[PDB]
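J.: Can you read through this structure? Questions will come right after.
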Amino acid sequence: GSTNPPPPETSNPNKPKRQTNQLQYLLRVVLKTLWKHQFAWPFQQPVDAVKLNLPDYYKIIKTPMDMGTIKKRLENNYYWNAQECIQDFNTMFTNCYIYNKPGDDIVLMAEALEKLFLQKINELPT
Ligand SMILES: Cc1nnc2n1-c1ccccc1N(c1ccc(Cl)cc1)C[C@H]2C
């Protein structure tokens with residue numbers, strides 16, 4: 001597998017976008033808390049399948065997502081509402097569970113980050 005795909009889009013002037021209190025919270029509180037977790041690092045940028053020697057990763061994962069992309073989307077006011085952003089977090093975790101297996105180290109890492117994520121979004125601003 002010789003190259004990585006282009007990363008997901010992080011800017012789109014034409015997409016409907018808003019700054020909501022929930023989207024501000026998702027950047028300021030949720031993403032920033034997660035970012036500092038000991039297990040965050042594999043999720044801080046797109047999977048580099050070339051470096052990691054995973055030539056099947058982008059054969060299996062067709063909607064890549066990561067917290068670096070999310071952070072850029074948030075910073076670029078990409079999203080209309082918090083649900084759109086939440087869906088990108090869910091895609092990121094789901095991708096990890098698809099490519100890997102229960103018990104794998106990376107899965108344990110995603111499970112811990114997901115638990116945190118869910119705790120933080122349990123209550124959102126109005
Ligand atoms: C995310 C994610 N989803 N799948 C993986 N990634 C990774 C991304 C970046 C670096 C390493 C990753 N993995 C990984 C990270 C930490 C440990 Cl202890 C073991 C494996 C494996 C890779 C198959």
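Ordering of the structure tokens sets the chain letters (A, B, ...); residue numbers start at 1 within each chain; ligands are numbered from 1 in the order shown.
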With a distance cut-off of 9 Å and only C-alpha atoms, select the neighbouring residues of residue 19 in chain A, excluding the residue or stretch itself and same-chain residues fewer than 6 positions from it, and output the selection as a list in words.
T.: residues 77, 79, 80 and 81 of chain A
J.: Let me see the file: selected residues, C-alpha atoms, as a short mmCIF file (atom, residue, chain, number, x, y, z; two decimals), in the first residue's frame.
T.:
data_model
loop_
_atom_site.label_atom_id
_atom_site.label_comp_id
_atom_site.auth_asym_id
_atom_site.auth_seq_id
_atom_site.Cartn_x
_atom_site.Cartn_y
_atom_site.Cartn_z
CA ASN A 77 -16.66 26.31 12.17
CA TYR A 79 -20.47 22.08 11.63
CA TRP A 80 -24.11 23.20 11.73
CA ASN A 81 -24.82 21.50 15.08
#
J.: Residues within 8 Å of ligand 1, counting only C-alpha atoms and all ligand atoms: report them as a PyMOL selection string.
T.: chain A and resi 41-43+45-48+52+54+57+66+92+95-97+99-100+104-107+109-110
J.: Would you mind exporting N, CA and C atoms of the selected residues as a PDB file, in the first residue's frame?
T.:
ATOM      1  N   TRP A  41      -3.087   9.694  21.765  1.00  0.00           N
ATOM      2  CA  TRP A  41      -2.174   9.921  20.644  1.00  0.00           C
ATOM      3  C   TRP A  41      -2.492   9.192  19.341  1.00  0.00           C
ATOM      4  N   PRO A  42      -2.992   7.927  19.342  1.00  0.00           N
ATOM      5  CA  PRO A  42      -3.268   7.299  18.044  1.00  0.00           C
ATOM      6  C   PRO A  42      -4.396   7.978  17.294  1.00  0.00           C
ATOM      7  N   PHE A  43      -5.178   8.788  18.009  1.00  0.00           N
ATOM      8  CA  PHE A  43      -6.397   9.382  17.485  1.00  0.00           C
ATOM      9  C   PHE A  43      -6.235  10.887  17.177  1.00  0.00           C
ATOM     10  N   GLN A  45      -4.459  12.343  14.811  1.00  0.00           N
ATOM     11  CA  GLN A  45      -4.233  12.662  13.376  1.00  0.00           C
ATOM     12  C   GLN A  45      -4.706  11.468  12.577  1.00  0.00           C
ATOM     13  N   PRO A  46      -4.903  11.652  11.277  1.00  0.00           N
ATOM     14  CA  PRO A  46      -5.245  10.523  10.456  1.00  0.00           C
ATOM     15  C   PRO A  46      -4.329   9.369  10.597  1.00  0.00           C
ATOM     16  N   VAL A  47      -4.851   8.155  10.481  1.00  0.00           N
ATOM     17  CA  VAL A  47      -3.996   6.962  10.499  1.00  0.00           C
ATOM     18  C   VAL A  47      -3.029   7.028   9.302  1.00  0.00           C
ATOM     19  N   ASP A  48      -1.735   6.987   9.616  1.00  0.00           N
ATOM     20  CA  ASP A  48      -0.694   6.906   8.586  1.00  0.00           C
ATOM     21  C   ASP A  48      -0.402   5.443   8.307  1.00  0.00           C
ATOM     22  N   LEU A  52       2.695   2.906   9.414  1.00  0.00           N
ATOM     23  CA  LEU A  52       2.341   1.843  10.299  1.00  0.00           C
ATOM     24  C   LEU A  52       2.290   0.460   9.614  1.00  0.00           C
ATOM     25  N   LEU A  54       0.149  -0.740   7.348  1.00  0.00           N
ATOM     26  CA  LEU A  54      -1.216  -1.273   7.395  1.00  0.00           C
ATOM     27  C   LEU A  54      -1.826  -1.056   6.004  1.00  0.00           C
ATOM     28  N   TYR A  57      -5.623  -0.939   5.766  1.00  0.00           N
ATOM     29  CA  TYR A  57      -6.450  -0.147   6.623  1.00  0.00           C
ATOM     30  C   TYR A  57      -7.496   0.613   5.808  1.00  0.00           C
ATOM     31  N   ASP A  66     -10.669  11.227  12.691  1.00  0.00           N
ATOM     32  CA  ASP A  66      -9.679  11.352  13.800  1.00  0.00           C
ATOM     33  C   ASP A  66      -9.919  12.643  14.485  1.00  0.00           C
ATOM     34  N   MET A  92     -14.999   7.875  14.278  1.00  0.00           N
ATOM     35  CA  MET A  92     -13.631   7.577  14.695  1.00  0.00           C
ATOM     36  C   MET A  92     -13.593   6.307  15.559  1.00  0.00           C
ATOM     37  N   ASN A  95     -14.599   3.110  13.578  1.00  0.00           N
ATOM     38  CA  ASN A  95     -13.536   2.671  12.659  1.00  0.00           C
ATOM     39  C   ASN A  95     -12.545   1.800  13.383  1.00  0.00           C
ATOM     40  N   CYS A  96     -12.177   2.237  14.605  1.00  0.00           N
ATOM     41  CA  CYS A  96     -11.175   1.483  15.370  1.00  0.00           C
ATOM     42  C   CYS A  96     -11.750   0.087  15.699  1.00  0.00           C
ATOM     43  N   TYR A  97     -13.000   0.024  16.099  1.00  0.00           N
ATOM     44  CA  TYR A  97     -13.611  -1.269  16.435  1.00  0.00           C
ATOM     45  C   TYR A  97     -13.780  -2.161  15.206  1.00  0.00           C
ATOM     46  N   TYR A  99     -11.690  -2.151  12.380  1.00  0.00           N
ATOM     47  CA  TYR A  99     -10.425  -2.607  11.827  1.00  0.00           C
ATOM     48  C   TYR A  99      -9.793  -3.642  12.794  1.00  0.00           C
ATOM     49  N   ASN A 100      -9.971  -3.401  14.102  1.00  0.00           N
ATOM     50  CA  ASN A 100      -9.340  -4.195  15.136  1.00  0.00           C
ATOM     51  C   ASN A 100     -10.329  -5.048  15.826  1.00  0.00           C
ATOM     52  N   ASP A 104      -7.582  -6.053  21.711  1.00  0.00           N
ATOM     53  CA  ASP A 104      -6.383  -5.484  21.157  1.00  0.00           C
ATOM     54  C   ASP A 104      -6.093  -4.239  21.951  1.00  0.00           C
ATOM     55  N   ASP A 105      -4.839  -3.932  22.096  1.00  0.00           N
ATOM     56  CA  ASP A 105      -4.419  -2.771  22.806  1.00  0.00           C
ATOM     57  C   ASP A 105      -5.074  -1.479  22.292  1.00  0.00           C
ATOM     58  N   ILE A 106      -5.159  -1.329  20.950  1.00  0.00           N
ATOM     59  CA  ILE A 106      -5.723  -0.084  20.411  1.00  0.00           C
ATOM     60  C   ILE A 106      -7.212   0.030  20.761  1.00  0.00           C
ATOM     61  N   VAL A 107      -7.896  -1.104  20.820  1.00  0.00           N
ATOM     62  CA  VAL A 107      -9.286  -1.147  21.196  1.00  0.00           C
ATOM     63  C   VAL A 107      -9.487  -0.769  22.642  1.00  0.00           C
ATOM     64  N   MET A 109      -7.656   1.250  24.207  1.00  0.00           N
ATOM     65  CA  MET A 109      -7.397   2.681  24.203  1.00  0.00           C
ATOM     66  C   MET A 109      -8.664   3.419  23.709  1.00  0.00           C
ATOM     67  N   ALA A 110      -9.227   2.961  22.603  1.00  0.00           N
ATOM     68  CA  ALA A 110     -10.441   3.604  22.129  1.00  0.00           C
ATOM     69  C   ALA A 110     -11.581   3.489  23.146  1.00  0.00           C
TER      70      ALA A 110
END
J.: Report as a PyMOL selection string all protein, DNA and RNA residues lying within 12 Å of residue 122 in chain A, evaluated on only C-alpha atoms, omitting residues in the same chain fewer than 5 positions from it.
T.: chain A and resi 22+26+30+86+114-117
J.: With N, CA, C and O atoms retained, export the selected residues as a tab-separated table (two decimals), in the first residue's frame.
T.:
chain	number	residue	atom	x	y	z
A	22	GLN	N	-23.26	24.45	22.17
A	22	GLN	CA	-22.82	23.06	22.23
A	22	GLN	C	-21.57	22.80	21.42
A	22	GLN	O	-20.69	22.05	21.86
A	26	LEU	N	-18.02	21.46	22.72
A	26	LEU	CA	-17.33	20.29	22.14
A	26	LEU	C	-15.83	20.57	21.88
A	26	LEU	O	-15.02	19.68	22.08
A	30	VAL	N	-14.81	19.19	25.52
A	30	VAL	CA	-14.76	17.77	25.25
A	30	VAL	C	-13.48	17.33	24.52
A	30	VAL	O	-12.72	16.53	25.04
A	86	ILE	N	-20.51	15.11	17.02
A	86	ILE	CA	-20.67	13.84	17.73
A	86	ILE	C	-20.60	12.64	16.78
A	86	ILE	O	-19.95	11.62	17.07
A	114	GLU	N	-13.57	6.61	24.57
A	114	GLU	CA	-14.97	6.66	24.33
A	114	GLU	C	-15.78	6.82	25.62
A	114	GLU	O	-16.76	7.53	25.69
A	115	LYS	N	-15.38	6.07	26.66
A	115	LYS	CA	-16.02	6.20	27.95
A	115	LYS	C	-15.96	7.63	28.44
A	115	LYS	O	-16.96	8.20	28.91
A	116	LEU	N	-14.80	8.25	28.34
A	116	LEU	CA	-14.64	9.66	28.69
A	116	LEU	C	-15.58	10.65	27.86
A	116	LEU	O	-16.15	11.50	28.36
A	117	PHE	N	-15.50	10.37	26.55
A	117	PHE	CA	-16.26	11.14	25.61
A	117	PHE	C	-17.74	11.12	26.03
A	117	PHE	O	-18.42	12.14	26.13
J.: Per residue of range 16-102 of chain A within 8 Å of range 6-11 of chain A, note the shortest atom pair and the distance in Å to one decimal, counting only C-alpha atoms, and order the rows by chain and increasing residue number, as a Markdown table.
T.:
| residue | atom | partner | partner_atom | distance |
| --- | --- | --- | --- | --- |
| A:46 | CA | A:7 | CA | 6.8 |
| A:64 | CA | A:8 | CA | 7.0 |
| A:65 | CA | A:8 | CA | 7.1 |
| A:69 | CA | A:10 | CA | 6.3 |
| A:70 | CA | A:10 | CA | 7.8 |
| A:72 | CA | A:10 | CA | 5.8 |
| A:73 | CA | A:10 | CA | 4.9 |
| A:76 | CA | A:11 | CA | 6.2 |
| A:78 | CA | A:11 | CA | 6.4 |
J.: Please write the residues from the selection above to a file, keeping C-alpha atoms, as a compact mmCIF listing (two decimals), in the first residue's frame.
T.:
# COMPACT_ATOMS: atom_id res chain seq x y z
CA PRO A 46 -5.24 10.52 10.46
CA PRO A 64 -11.72 7.82 8.02
CA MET A 65 -11.99 10.17 10.99
CA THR A 69 -9.63 16.41 11.73
CA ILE A 70 -12.38 17.07 14.25
CA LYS A 72 -9.73 21.48 12.65
CA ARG A 73 -13.43 21.22 11.73
CA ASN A 76 -12.99 26.21 11.09
CA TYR A 78 -17.44 23.41 9.82
J.: Please compute the CA of residue 62 in chain A-CA of residue 3 in chain A distance, one decimal, in Å.
T.: 14.8 Å
J.: What's the 10 Å shell around residue 2 in chain A, counting only C-alpha atoms, without same-chain residues fewer than 3 positions away, as a CSV table (one decimal) with N, CA and C atoms, in the first residue's frame?
T.:
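Output file result_2.csv follows:
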chain,number,residue,atom,x,y,z
A,5,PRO,N,-4.6,8.0,1.7
A,5,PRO,CA,-5.6,8.9,1.0
A,5,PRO,C,-5.4,10.3,1.5
A,49,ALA,N,-1.2,4.9,7.4
A,49,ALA,CA,-1.1,3.5,7.1
A,49,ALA,C,0.2,3.1,6.4
A,50,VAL,N,0.8,4.1,5.8
A,50,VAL,CA,2.2,3.8,5.2
A,50,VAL,C,3.2,3.6,6.3
A,51,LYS,N,3.3,4.5,7.2
A,51,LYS,CA,4.2,4.4,8.3
A,51,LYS,C,4.0,3.2,9.2
A,53,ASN,N,2.6,0.4,8.3
A,53,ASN,CA,2.6,-0.8,7.5
A,53,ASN,C,1.2,-1.5,7.7
A,55,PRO,N,-1.3,-1.8,5.0
A,55,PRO,CA,-1.8,-1.5,3.6
A,55,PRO,C,-3.3,-1.9,3.4
